[PDB]
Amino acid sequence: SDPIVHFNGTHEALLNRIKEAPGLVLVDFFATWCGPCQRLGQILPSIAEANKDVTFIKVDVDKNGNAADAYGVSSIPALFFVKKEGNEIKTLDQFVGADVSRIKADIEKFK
């Protein structure tokens, strides 16, 4: 089955979904017309399939503008490695760009 979470909802809905995850979360804010986003989107499913302990959440900024804007996203693709910490979300790493190698390195380092 498709392991990628294709998120649709409000900023609060996004925060709650992140807090539902059992472990590490990667949130990818993207647009469909963005080249780096497209190239990252082609390889994310493979990374997700190999790392079922990590929740991969994709947030299309055009359909979830309020969520993205409220999360503080400007440039894309905007990546955030986060984890639930009590009733709060801890951010472990964040960056803009299709840095596949950093994505992989962050996954390996965090677990």
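Counting begins at 1, following the sequence as shown.
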- [ ] On mean C-alpha B-factor from the PDB entry, just flag whether 47-55 or 79-87 is the higher one.
- [x] 79-87
- [ ] Tell me which of 1-9 and 100-108 has the higher mean C-alpha B-factor in the deposited entry.
- [x] 1-9
Open item on the list: When the deposited Cα B-factors of this chain's modelled residues are ordered and cut into thirds, is residue 69 in the lowest, the middle or the highest one?
Closed with: highest
Open item on the list: Splitting the chain's C-alpha B-factors into thirds, which one does residue 26 fall into?
Closed with: lowest
